[PDB]
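Heads up, the thing below is written out as structure tokens.
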Amino acid sequence: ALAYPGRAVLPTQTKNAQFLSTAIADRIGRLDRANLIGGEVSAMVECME
Amino acid sequence: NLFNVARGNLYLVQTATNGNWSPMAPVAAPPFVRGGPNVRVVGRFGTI
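Protein sequence lines correspond, in order, to chains A and J. When the first sequence is numbered by the authors' numbering, its final residue is 389 and no position is left out of the sequence of numbers. When the second sequence is numbered by the authors' numbering, its final residue is 1020 and no position is left out of the sequence of numbers.
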């Protein structure tokens, strides 16, 4: 929960929460993993965190 | 509905009554529609 600030449950309008409420919801997690061989481990994965 | 799955959104109005009640098939009109007058969709986080 500490590496993904856009993923937090926001209860009341805290001074944190009025900034986290402006977090865009697709700027989280992996983006486009570029694996070659199907079944083997991937090459490099672009992620936002 | 045979498989214990109901469709459609769920209202939660407080309706104190003594009469007939059937929440599955309401004969009366819906309390309001999703985009009606003086209705408001709550944000994204549910933040009070």
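Every residue, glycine too, gets a C-beta built ideally from N, C-alpha and C.
Q.
Could you check whether the Cβ of A/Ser-382 sits closer than 8 Å to any Cβ belonging to chain J?
A. Taking the first residue of the first sequence as 1, we reach residue 382 of chain A at position 42. Taking Cβ atoms only, chain J never reaches closer than 8 Å to A/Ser-382, which makes this a no.
Q.
Please tell me whether A/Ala-374 has its Cβ less than 8 Å away from any Cβ of chain J.
A. Locating residue 374 of chain A in the first sequence gives position 34, counting from the first residue. Cβ-Cβ to chain J under 8 Å: no for A/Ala-374.
Q: Using the DSSP secondary-structure output, state which residues sit across from A/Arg-373 in a beta bridge.
A: Counting from one through the first sequence, the residue named residue 373 of chain A turns up at place 33. According to DSSP, which records beta bridges pairwise, A/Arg-373 is partnered with A/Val-385.
Q) Should A/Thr-362 be flagged as near chain J, meaning a C-beta pair shorter than 8 Å? A) Reading the first sequence from its first residue, position 22 is the one you call residue 362 of chain A. Not closer than 8 Å to any Cβ of chain J, the Cβ of A/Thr-362 fails to qualify, so no.
Q | Minimum Cβ-Cβ distance from J/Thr-1019 to chain A less than 8 Å | A | Position 47 of the second sequence, counted from the first residue, corresponds to residue 1019 of chain J. Yes, J/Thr-1019 lies at the interface with chain A (some Cβ there is under 8 Å from its Cβ).
**Q.** Residue closest to J/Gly-980, alpha-carbon to alpha-carbon, out of J/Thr-987, J/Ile-1020, J/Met-996, J/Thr-989
**A.** Taking the first residue of the second sequence as position 1, residue 980 of chain J is located at position 8. Cα-wise, what sits closest to J/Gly-980 is J/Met-996.
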